[PDB]
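Dumped data_18.cif below, it's mmCIF, C-alpha atoms:
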data_input
#
loop_
_atom_site.group_PDB
_atom_site.id
_atom_site.type_symbol
_atom_site.label_atom_id
_atom_site.label_comp_id
_atom_site.auth_asym_id
_atom_site.auth_seq_id
_atom_site.Cartn_x
_atom_site.Cartn_y
_atom_site.Cartn_z
ATOM 1 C CA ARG A 1 39.867 4.582 21.785
ATOM 2 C CA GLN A 2 36.716 5.753 23.574
ATOM 3 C CA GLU A 3 35.973 8.130 20.698
ATOM 4 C CA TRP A 4 36.370 5.256 18.240
ATOM 5 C CA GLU A 5 33.892 3.179 20.238
ATOM 6 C CA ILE A 6 31.305 5.965 20.081
ATOM 7 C CA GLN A 7 31.738 6.197 16.306
ATOM 8 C CA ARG A 8 31.231 2.437 15.996
ATOM 9 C CA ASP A 9 27.969 2.661 17.934
ATOM 10 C CA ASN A 10 26.761 5.456 15.652
ATOM 11 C CA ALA A 11 27.489 3.401 12.535
ATOM 12 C CA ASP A 12 25.664 0.370 13.937
ATOM 13 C CA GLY A 13 22.590 2.460 14.701
ATOM 14 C CA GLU A 14 22.647 3.862 11.176
ATOM 15 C CA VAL A 15 22.742 0.366 9.676
ATOM 16 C CA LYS A 16 19.782 -0.779 11.779
ATOM 17 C CA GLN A 17 17.735 2.277 10.809
ATOM 18 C CA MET A 18 18.413 1.681 7.117
ATOM 19 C CA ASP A 19 17.382 -1.959 7.501
ATOM 20 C CA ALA A 20 14.008 -0.858 8.883
ATOM 21 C CA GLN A 21 13.553 1.682 6.084
ATOM 22 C CA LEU A 22 13.950 -1.219 3.650
ATOM 23 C CA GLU A 23 10.846 -2.894 5.086
ATOM 24 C CA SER A 24 8.898 0.352 4.843
ATOM 25 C CA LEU A 25 9.886 0.722 1.187
ATOM 26 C CA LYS A 26 8.893 -2.808 0.215
ATOM 27 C CA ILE A 27 5.486 -2.355 1.851
ATOM 28 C CA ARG A 28 5.013 0.768 -0.265
ATOM 29 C CA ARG A 29 5.987 -1.199 -3.378
ATOM 30 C CA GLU A 30 3.363 -3.838 -2.601
ATOM 31 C CA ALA A 31 0.751 -1.094 -2.254
ATOM 32 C CA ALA A 32 1.692 0.335 -5.657
ATOM 33 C CA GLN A 33 1.406 -3.098 -7.280
ATOM 34 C CA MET A 34 -2.074 -3.532 -5.820
ATOM 35 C CA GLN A 35 -2.963 -0.120 -7.257
ATOM 36 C CA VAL A 36 -1.914 -1.327 -10.715
ATOM 37 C CA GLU A 37 -4.138 -4.385 -10.328
ATOM 38 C CA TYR A 38 -7.008 -2.094 -9.312
ATOM 39 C CA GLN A 39 -6.574 -0.054 -12.492
ATOM 40 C CA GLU A 40 -6.582 -3.214 -14.618
ATOM 41 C CA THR A 41 -9.812 -4.319 -12.943
ATOM 42 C CA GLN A 42 -11.358 -0.948 -13.797
ATOM 43 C CA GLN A 43 -10.416 -1.405 -17.453
ATOM 44 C CA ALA A 44 -11.973 -4.875 -17.501
ATOM 45 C CA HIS A 45 -15.157 -3.464 -15.965
ATOM 46 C CA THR A 46 -15.386 -0.838 -18.706
ATOM 47 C CA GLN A 47 -14.949 -3.558 -21.326
ATOM 48 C CA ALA A 48 -17.754 -5.591 -19.752
ATOM 49 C CA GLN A 49 -20.014 -2.526 -19.739
ATOM 50 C CA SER B 1 -41.065 1.614 -23.775
ATOM 51 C CA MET B 2 -40.957 -1.277 -21.308
ATOM 52 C CA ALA B 3 -37.910 -2.753 -23.042
ATOM 53 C CA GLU B 4 -36.085 0.576 -22.764
ATOM 54 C CA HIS B 5 -36.794 0.874 -19.042
ATOM 55 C CA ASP B 6 -35.701 -2.711 -18.370
ATOM 56 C CA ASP B 7 -32.395 -2.192 -20.169
ATOM 57 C CA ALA B 8 -31.685 0.962 -18.164
ATOM 58 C CA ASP B 9 -32.331 -0.890 -14.901
ATOM 59 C CA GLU B 10 -30.002 -3.722 -15.919
ATOM 60 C CA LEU B 11 -27.202 -1.265 -16.683
ATOM 61 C CA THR B 12 -27.636 0.376 -13.276
ATOM 62 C CA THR B 13 -27.405 -2.989 -11.505
ATOM 63 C CA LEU B 14 -24.192 -3.868 -13.346
ATOM 64 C CA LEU B 15 -22.691 -0.517 -12.352
ATOM 65 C CA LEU B 16 -23.500 -1.174 -8.696
ATOM 66 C CA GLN B 17 -21.851 -4.605 -8.693
ATOM 67 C CA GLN B 18 -18.657 -3.267 -10.264
ATOM 68 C CA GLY B 19 -18.564 -0.465 -7.702
ATOM 69 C CA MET B 20 -18.794 -3.024 -4.902
ATOM 70 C CA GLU B 21 -15.786 -4.952 -6.203
ATOM 71 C CA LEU B 22 -13.733 -1.768 -6.538
ATOM 72 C CA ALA B 23 -14.663 -0.868 -2.957
ATOM 73 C CA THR B 24 -13.254 -4.176 -1.710
ATOM 74 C CA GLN B 25 -9.949 -3.530 -3.467
ATOM 75 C CA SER B 26 -9.831 -0.025 -1.971
ATOM 76 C CA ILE B 27 -10.276 -1.539 1.500
ATOM 77 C CA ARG B 28 -7.186 -3.667 0.959
ATOM 78 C CA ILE B 29 -5.152 -0.713 -0.338
ATOM 79 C CA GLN B 30 -5.974 1.397 2.716
ATOM 80 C CA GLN B 31 -5.001 -1.398 5.101
ATOM 81 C CA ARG B 32 -1.632 -1.590 3.356
ATOM 82 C CA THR B 33 -1.157 2.161 3.826
ATOM 83 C CA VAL B 34 -1.762 1.798 7.569
ATOM 84 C CA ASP B 35 0.865 -0.951 7.707
ATOM 85 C CA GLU B 36 3.346 1.376 5.994
ATOM 86 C CA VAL B 37 2.746 4.048 8.637
ATOM 87 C CA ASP B 38 3.433 1.460 11.343
ATOM 88 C CA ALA B 39 6.751 0.606 9.685
ATOM 89 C CA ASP B 40 7.670 4.302 9.722
ATOM 90 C CA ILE B 41 6.959 4.374 13.464
ATOM 91 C CA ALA B 42 9.345 1.440 13.919
ATOM 92 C CA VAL B 43 12.084 3.303 12.028
ATOM 93 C CA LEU B 44 11.621 6.282 14.336
ATOM 94 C CA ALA B 45 11.908 4.027 17.385
ATOM 95 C CA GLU B 46 15.254 2.692 16.165
ATOM 96 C CA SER B 47 16.566 6.216 15.592
ATOM 97 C CA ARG B 48 15.525 7.203 19.115
ATOM 98 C CA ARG B 49 17.364 4.191 20.529
#
Would you write out, as structure tokens, the structure that this file holds?
Amino acid sequence: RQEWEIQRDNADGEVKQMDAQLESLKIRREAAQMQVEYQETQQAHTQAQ
Amino acid sequence: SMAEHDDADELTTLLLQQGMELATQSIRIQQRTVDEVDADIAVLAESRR
């Protein structure tokens, strides 16, 4: 039973770590979207030139 | 000759303004990158726990 308890703690820690990685990933996605907007702005600037 | 010089100056000014706007967007992108690094630090803290 003690061994089972240790395994349960390990699984819980894994779930929490993955939950935090989700936040990291969505921040990266937001950065990529802003990069796309930056590229579109560059194209508009060339058109204006 | 004067018309030619004036047109060149106007083009240079337009280039400078567009560069300024792009610089602002780059500022925002870099701030987002820093936030991502902070999220990675949080993930590491959970793993250490």
Chain B residues near chain A within 9 Å, closest pair each, using all atoms listed in the file, as a tab-separated table:
residue	atom	partner	partner_atom	distance
B:11	CA	A:49	CA	7.9
B:14	CA	A:49	CA	7.8
B:15	CA	A:49	CA	8.1
B:18	CA	A:45	CA	6.7
B:22	CA	A:38	CA	7.3
B:25	CA	A:38	CA	6.7
B:26	CA	A:38	CA	8.1
B:28	CA	A:34	CA	8.5
B:29	CA	A:31	CA	6.2
B:30	CA	A:31	CA	8.7
B:32	CA	A:31	CA	6.1
B:33	CA	A:31	CA	7.2
B:35	CA	A:27	CA	7.6
B:36	CA	A:24	CA	5.8
B:37	CA	A:24	CA	8.1
B:38	CA	A:24	CA	8.6
B:39	CA	A:24	CA	5.3
B:40	CA	A:24	CA	6.4
B:42	CA	A:20	CA	7.2
B:43	CA	A:20	CA	5.6
B:44	CA	A:17	CA	8.1
B:45	CA	A:17	CA	9.0
B:46	CA	A:17	CA	5.9
B:47	CA	A:17	CA	6.3
B:49	CA	A:13	CA	8.0
d(CA of residue 4 in chain B, CA of residue 19 in chain B) in Å: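 A separation of 23.1 Å between them.
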As JSON, please: the centre and edge lengths in Å, to one decimal, of an axis-aligned box enclosing every listed atom of range 19-38 of chain B with 3 Å added on each side.
{"center_x": -7.7, "center_y": -0.5, "center_z": 1.8, "size_x": 28.2, "size_y": 15.0, "size_z": 25.0}
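CA of residue 8 in chain B to CA of residue 27 in chain B spans 29.2 Å [interatomic distance, one decimal].
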Straight-line distance linking CA of residue 48 in chain B with CA of residue 7 in chain A, stated in Å to one decimal: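 Computing the Euclidean distance for CA of residue 48 in chain B and CA of residue 7 in chain A yields 16.5 Å.
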